[PDB]
Amino acid sequence: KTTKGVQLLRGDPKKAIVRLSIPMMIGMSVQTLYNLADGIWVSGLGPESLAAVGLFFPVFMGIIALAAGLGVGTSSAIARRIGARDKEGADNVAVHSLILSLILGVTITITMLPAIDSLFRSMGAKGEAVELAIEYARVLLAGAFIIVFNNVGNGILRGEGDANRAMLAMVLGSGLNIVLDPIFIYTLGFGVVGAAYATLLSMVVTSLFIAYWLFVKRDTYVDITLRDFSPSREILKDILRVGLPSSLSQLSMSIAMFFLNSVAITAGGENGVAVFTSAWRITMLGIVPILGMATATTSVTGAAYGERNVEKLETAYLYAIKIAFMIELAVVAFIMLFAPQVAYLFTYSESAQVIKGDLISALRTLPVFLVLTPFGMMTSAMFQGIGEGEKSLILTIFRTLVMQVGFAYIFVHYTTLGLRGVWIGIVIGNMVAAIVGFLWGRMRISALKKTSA
Amino acid sequence: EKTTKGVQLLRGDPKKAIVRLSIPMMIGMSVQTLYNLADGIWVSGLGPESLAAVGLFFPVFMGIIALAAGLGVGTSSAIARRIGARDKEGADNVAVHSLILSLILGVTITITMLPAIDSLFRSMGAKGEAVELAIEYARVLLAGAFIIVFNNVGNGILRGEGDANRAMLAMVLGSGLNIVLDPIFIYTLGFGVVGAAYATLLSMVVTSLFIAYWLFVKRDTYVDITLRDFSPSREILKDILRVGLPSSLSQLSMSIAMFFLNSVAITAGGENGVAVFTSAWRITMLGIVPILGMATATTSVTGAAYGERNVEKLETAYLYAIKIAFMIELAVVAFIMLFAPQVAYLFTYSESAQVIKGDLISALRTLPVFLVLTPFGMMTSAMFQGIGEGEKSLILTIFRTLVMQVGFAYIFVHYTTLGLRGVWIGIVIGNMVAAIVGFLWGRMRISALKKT
Ligand SMILES: CCCCCCCCCCOCCOCCOCCOCCOCCO
Ligand SMILES: CCCCCCCCCCOCCOCCOCCOCCOCCO
Ligand SMILES: CCCCCCCCCCOCCOCCOCCOCCOCCO
Ligand SMILES: CCCCCCCCCCOCCOCCOCCOCCOCCO
Ligand SMILES: CCCCCCCCCCOCCOCCOCCOCCOCCO
Ligand SMILES: CCCCCCCCCCOCCOCCOCCOCCOCCO
Ligand SMILES: CCCCCCCCCCOCCOCCOCCOCCOCCO
Ligand SMILES: [Cl-]
Ligand SMILES: [Cl-]
């Protein structure tokens, strides 16, 4: 009656952390490669097409944040039921979340469609860029329910230890999107709106395979039928308590990036942002693996929590920080050692602009934040795992909006540090947040020990 | 005896066989669809005359296929039944008879249609560059009619013994080669639209070389193919024609209805109504591909089960195919409807786009529903062919196209004022009736097979 995923999920915590993290790293890497490739294809379309994507980008990220949020809340809730050997509960959560995906998906479409014109012109943007952005938006807003469905389906798979198929769904969608991208944009001559359709079709195909696994093969651990589903305010509250703050964390990180951009303006001007933009884009080499471990950390800590096994929860939590820290250590040492070569690609590539002198400096300072990220992110993943999303959000706000923005701001304004002060501030702010996160996580775990006793 | 994987499939679990014999056909057809799409792009770049020439020739091409595919299904179903009946000698005999028939039929098609193709096109189409090109295009493929019939018979033999994979391979190789040769003949060699006929013919010939090689040289099929001790049989010929002949007539019945349904849209949507449903027809030919795969699988499996005299196994296979086809079509139909305006755009890049586009969007939110009903009728028809009663399949086709669909579309136009919108409804309603009556007929036929 038990699948390989569930065996893995409830087994040795260390094996579970590693083997559930790896597929997600691969899946997110392909997603990253798509994002990277699409940005290159769009940049060959001219200024108005680039602006159109820019107008819609925050809206798109808002949809993803909402979709991924519901997915994490789903994954966490299921993992805790499964850890508690409450299969009926796990089944009931799965059905609940799928219905919520439809509700949220349609809600996004109905709300955003009549509001995108006004929103896009609030930028002061006008002409073709706005009209292209509207046409681009209507394509993805139409498949809003597909986006949420795919994320929920992914959450269900992760939550029951099936990170393998969660990965496959991601590689399927993103992989097809990579292939379809230059075909729709250039070969078929659709232009920037072609990238919109390339994404949409890729998500539909992904949805078909997910729906096939969930409703036709029905070879998931959880049983998804319309008669184990007893409508539950409690389940709904459980999912939302992790889902909503998860989306709000994104917004928090979003607003923080905007503030850091303004700080970089004061520090080094318009090209100061260019150095900053290139800087954190590079660090994603390190962020991507940590994101993968966060998903596994959430499900493993959740499984241990439902099992009422605080020691196993503690072991998984601490082991995840340990492994992520070692992974980052290599990544950061690597980026530092080949900073002239990494900066080179971008900076040379556009021969007319040159900012390598500062990017190279930035690549010898900023990446250091990557070795302290695991402390905040595993703690956050663990909070999501035990179903306490508000704590995850509070930590994220403290790190991003208060510490990073605060330290970057102060160094630029009250010191000689200058543009380099932005990188120092972020690292120092991260250092303090890492300490707060780790102590809080361990504090929360140890309080559970007391409670179980 | 030394059997093959395909034979083991036919004699084993019907659900497994339905799946393993239907999927390869869809894949083969999907590559054919890729070829067709690419060819349409090259042809449309040659100008309106070349584009109109293809439209004029296309019914002639369908006429050859109707005869070729007809003999193929008659061949495949007969082989499948005798394999189920453990009648190896009969299976060998069907194969040899069909191969000889392919020569006779192919030659006869060329002999009779070639001198009558010049008079046929002009009497209804006057002239133009398009008329001249369409005639030249027809003469090329009419000349290679034997190759076309031989390929379908060879394909029929492969499917009939459960080797759908090699049938798929033959289809993929031919279309894949046609994909490469197509722009070479059209552009590089500067033959124009007629170049596409050369590329297709050459691809078909190469396909025949693979098939001939498998059947005559390597001879690694389950069936034995040899003229040694060959004895012509009326029983074998009747067994082939009782499915093969009505199969050809069914396609004739569909085309006769299509000529009517295209003119009903004239009284409904004007002359634009012609290109209106011609477009709709093209989209749905894409939509029915999985159904066609299910049907060919159904014929073989129900055929084998009939040969085994296992009615329960026959019934399982038949209902299971409907089950899968129904599920697949729901996904197809939802896609086509929920994402419809996009689909119409890819066929309407011409002047006065809106009326040809915007009507067909409406058709795309309504007409696709028929694909949901179709498997109940089509698997029934495929089951009729499987048991060797092709005339019942023909009767069902006539009732659907010539009676229900034309009848309903007619009355919707002549007695209602919905016009074009009613035409789609008329076809869908007529499709509903035929699917239910058909499924009911099949269910009674199976119930009778259990008696005596
Ligand atoms: C460029 C990206 C490469 C993509 C292809 C990678 C192949 C991955 C093959 C592994 O996937 C196996 C599918 O697993 C099915 C579901 O497994 C359920 C959980 O099983 C837990 C045991 O994990 C075994 C890992 O191999
Ligand atoms: C310069 C590019 C670097 C990119 C980062 C790539 C990260 C990939 C992560 C690879 O994961 C390998 C982790 O393997 C763990 C090693 O085995 C764990 C041993 O732990 C001891 C406990 O053993 C219990 C079972 O694991
Ligand atoms: C992770 C690797 C990504 C590789 C690129 C994506 C490959 C997609 C599959 C191949 O698609 C073929 C489509 O061919 C389109 C050809 O377009 C060439 C003309 O482009 C000119 C404009 O270039 C703008 C960007 O510089
Ligand atoms: C993607 C399309 C590529 C097409 C390549 C060309 C293929 C041509 C057909 C290949 O058939 C392979 C056959 O192998 C050679 C067989 O030689 C025949 C001679 O056999 C000797 C005995 O036969 C006597 C009767 O011919
Ligand atoms: C792009 C065109 C490639 C042509 C390759 C020509 C090489 C032919 C070598 C011999 O063919 C290989 C085996 O073919 C099977 C031979 O046995 C039967 C001969 O064909 C008889 C069937 O009738 C169909 C002939 O067109
Ligand atoms: C196109 C096929 C015509 C063949 C008609 C009937 C021929 C077989 C009937 C007689 O049985 C033959 C006894 O078998 C002897 C073994 O060798 C068979 C070779 O027969 C060659 C016949 O060739 C006729 C071609 O015109
Ligand atoms: C418009 C074309 C009509 C073609 C012939 C129409 C005659 C058939 C009418 C419908 O037939 C219904 C018969 O109902 C059950 C038949 O039972 C099986 C008949 O097959 C007979 C062969 O075996 C006889 C053993 O009983
Ligand atoms: Cl191209
Ligand atoms: Cl699968």
# chains A, B, ... in the order shown; residues from 1 in each chain; ligands from 1
call {"tool": "residues_near_ligand", "arguments": {"ligand": "ligand 2", "cutoff": "7 Å", "atoms": "only C-alpha atoms and all ligand atoms", "output": "ChimeraX atom specification"}}
result
/A:14-15,18,22,285-286,289,327,330-331,334
call {"tool": "residues_around", "arguments": {"residues": "residue 202 in chain B", "least_positions_apart": "6", "cutoff": "10 Å", "atoms": "only C-alpha atoms", "output": "compact mmCIF listing (two decimals) with N, CA, C and O atoms, in the first residue's frame"}}
result
# COMPACT_ATOMS: atom_id res chain seq x y z
N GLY B 144 1.35 6.32 -59.68
CA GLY B 144 1.94 5.56 -58.59
C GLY B 144 0.89 4.92 -57.70
O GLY B 144 1.16 4.63 -56.53
N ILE B 147 1.83 1.66 -56.00
CA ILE B 147 2.72 1.86 -54.86
C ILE B 147 1.91 2.19 -53.61
O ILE B 147 2.19 1.67 -52.53
N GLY B 174 8.60 7.00 -44.32
CA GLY B 174 8.07 7.60 -45.53
C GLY B 174 7.79 9.08 -45.37
O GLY B 174 8.18 9.89 -46.21
N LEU B 177 11.05 11.08 -44.73
CA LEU B 177 11.77 11.28 -45.97
C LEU B 177 11.07 12.34 -46.82
O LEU B 177 11.72 13.19 -47.43
N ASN B 178 9.74 12.29 -46.83
CA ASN B 178 8.95 13.27 -47.56
C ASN B 178 9.18 14.68 -47.02
O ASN B 178 9.19 15.65 -47.77
N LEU B 181 12.61 15.73 -48.55
CA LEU B 181 12.58 15.86 -50.01
C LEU B 181 11.69 17.00 -50.48
O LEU B 181 11.92 17.57 -51.55
N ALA B 196 6.02 18.67 -54.99
CA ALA B 196 5.51 17.99 -53.80
C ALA B 196 4.95 16.62 -54.16
O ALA B 196 4.99 15.69 -53.35
N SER B 208 7.81 1.39 -50.04
CA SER B 208 7.50 0.09 -50.63
C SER B 208 8.73 -0.81 -50.65
O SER B 208 8.62 -2.01 -50.45
call {"tool": "interface_residues", "arguments": {"of": "chain A", "to": "chain B", "cutoff": "9 Å", "atoms": "only C-alpha atoms", "output": "number ranges by chain"}}
result
A: 142, 204, 208
call {"tool": "atom_distance", "arguments": {"atom1": "atom 16 (C, counted along the ligand's line) of ligand 5", "atom2": "CA of residue 213 in chain B"}}
result
5.1 Å
call {"tool": "residues_near_ligand", "arguments": {"ligand": "ligand 9", "cutoff": "10 Å", "atoms": "only C-alpha atoms and all ligand atoms", "output": "ChimeraX atom specification"}}
result
/A:165,168,209-210,212-213,216-217,219
call {"tool": "write_last_selection", "arguments": {"atoms": "C-alpha atoms", "output": "PDB file, in the first residue's frame"}}
result
ATOM      1  CA  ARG A 165       7.886  13.011 -10.732  1.00  0.00           C
ATOM      2  CA  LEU A 168       9.834  15.350 -14.308  1.00  0.00           C
ATOM      3  CA  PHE A 209       0.722  14.537 -17.456  1.00  0.00           C
ATOM      4  CA  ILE A 210      -0.031  15.658 -13.899  1.00  0.00           C
ATOM      5  CA  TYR A 212      -2.859  11.705 -15.901  1.00  0.00           C
ATOM      6  CA  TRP A 213      -0.803  10.678 -12.867  1.00  0.00           C
ATOM      7  CA  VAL A 216      -5.994   8.203 -14.494  1.00  0.00           C
ATOM      8  CA  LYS A 217      -3.079   6.059 -13.322  1.00  0.00           C
ATOM      9  CA  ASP A 219      -0.633   5.631  -8.691  1.00  0.00           C
TER      10      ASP A 219
END
call {"tool": "closest_residue", "arguments": {"among": "A:137, A:36, A:6, A:64", "to": "residue 161 in chain A", "atoms": "only C-alpha atoms"}}
result
A:6
call {"tool": "residues_around", "arguments": {"residues": "residue 338 in chain A", "least_positions_apart": "4", "cutoff": "12 Å", "atoms": "only C-alpha atoms", "output": "PyMOL selection string"}}
result
chain A and resi 282+331-334+342-345+360-361+363-364
call {"tool": "residues_near_ligand", "arguments": {"ligand": "ligand 6", "cutoff": "10 Å", "atoms": "only C-alpha atoms and all ligand atoms", "output": "count of residues only"}}
result
15
call {"tool": "closest_residue", "arguments": {"among": "B:382, B:138, B:173, B:373", "to": "residue 300 in chain B", "atoms": "only C-alpha atoms"}}
result
B:382
call {"tool": "residues_around", "arguments": {"residues": "residue 256 in chain B", "least_positions_apart": "6", "cutoff": "12 Å", "atoms": "only C-alpha atoms", "output": "compact mmCIF listing (two decimals) with N, CA and C atoms, in the first residue's frame"}}
result
# COMPACT_ATOMS: atom_id res chain seq x y z
N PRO B 59 -9.39 15.61 -53.33
CA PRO B 59 -10.39 14.54 -53.37
C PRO B 59 -9.97 13.34 -54.22
N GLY B 63 -9.54 9.49 -52.97
CA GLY B 63 -10.15 8.40 -53.71
C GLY B 63 -9.22 7.20 -53.83
N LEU B 249 -16.39 2.04 -49.73
CA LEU B 249 -17.69 2.68 -49.93
C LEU B 249 -18.04 3.64 -48.80
N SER B 250 -17.56 3.34 -47.60
CA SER B 250 -17.78 4.22 -46.45
C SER B 250 -17.13 5.58 -46.68
N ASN B 262 -20.57 20.95 -47.45
CA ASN B 262 -19.86 22.15 -47.88
C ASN B 262 -20.78 23.11 -48.63
N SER B 263 -21.83 22.57 -49.24
CA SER B 263 -22.79 23.38 -49.97
C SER B 263 -23.94 23.84 -49.08
N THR B 397 -22.12 4.00 -41.39
CA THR B 397 -21.50 5.20 -41.93
C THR B 397 -22.49 6.01 -42.76
N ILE B 398 -23.28 5.32 -43.57
CA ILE B 398 -24.30 5.97 -44.40
C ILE B 398 -25.36 6.64 -43.53
N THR B 401 -23.51 9.87 -41.87
CA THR B 401 -23.22 10.94 -42.82
C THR B 401 -24.41 11.33 -43.70
N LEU B 402 -24.85 10.38 -44.52
CA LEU B 402 -25.85 10.66 -45.54
C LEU B 402 -27.26 10.91 -45.00
N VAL B 403 -27.57 10.36 -43.83
CA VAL B 403 -28.92 10.48 -43.27
C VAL B 403 -29.01 11.43 -42.07
N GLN B 405 -26.49 13.37 -40.41
CA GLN B 405 -25.77 14.63 -40.56
C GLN B 405 -26.28 15.54 -41.69
N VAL B 406 -26.52 14.98 -42.87
CA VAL B 406 -27.08 15.76 -43.97
C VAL B 406 -28.53 16.12 -43.68
call {"tool": "residues_near_ligand", "arguments": {"ligand": "ligand 4", "cutoff": "12 Å", "atoms": "only C-alpha atoms and all ligand atoms", "output": "MDAnalysis selection string"}}
result
chainID B and resid 169:181 199 202:219
call {"tool": "residues_near_ligand", "arguments": {"ligand": "ligand 8", "cutoff": "8 Å", "atoms": "only C-alpha atoms and all ligand atoms", "output": "PDB file with N, CA and C atoms, in the first residue's frame"}}
result
ATOM      1  N   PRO A 182      12.232  29.778 -29.271  1.00  0.00           N
ATOM      2  CA  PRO A 182      12.649  30.465 -30.497  1.00  0.00           C
ATOM      3  C   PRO A 182      11.804  30.066 -31.709  1.00  0.00           C
ATOM      4  N   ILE A 183      11.086  28.954 -31.601  1.00  0.00           N
ATOM      5  CA  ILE A 183      10.227  28.493 -32.686  1.00  0.00           C
ATOM      6  C   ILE A 183       9.003  29.394 -32.832  1.00  0.00           C
ATOM      7  N   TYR A 186      10.460  33.429 -33.371  1.00  0.00           N
ATOM      8  CA  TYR A 186      11.152  33.750 -34.616  1.00  0.00           C
ATOM      9  C   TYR A 186      10.697  32.930 -35.822  1.00  0.00           C
ATOM     10  N   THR A 187      10.749  31.605 -35.703  1.00  0.00           N
ATOM     11  CA  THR A 187      10.406  30.718 -36.817  1.00  0.00           C
ATOM     12  C   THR A 187       8.983  30.952 -37.321  1.00  0.00           C
ATOM     13  N   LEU A 188       8.036  31.015 -36.391  1.00  0.00           N
ATOM     14  CA  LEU A 188       6.641  31.237 -36.737  1.00  0.00           C
ATOM     15  C   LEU A 188       6.297  32.723 -36.765  1.00  0.00           C
TER      16      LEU A 188
END
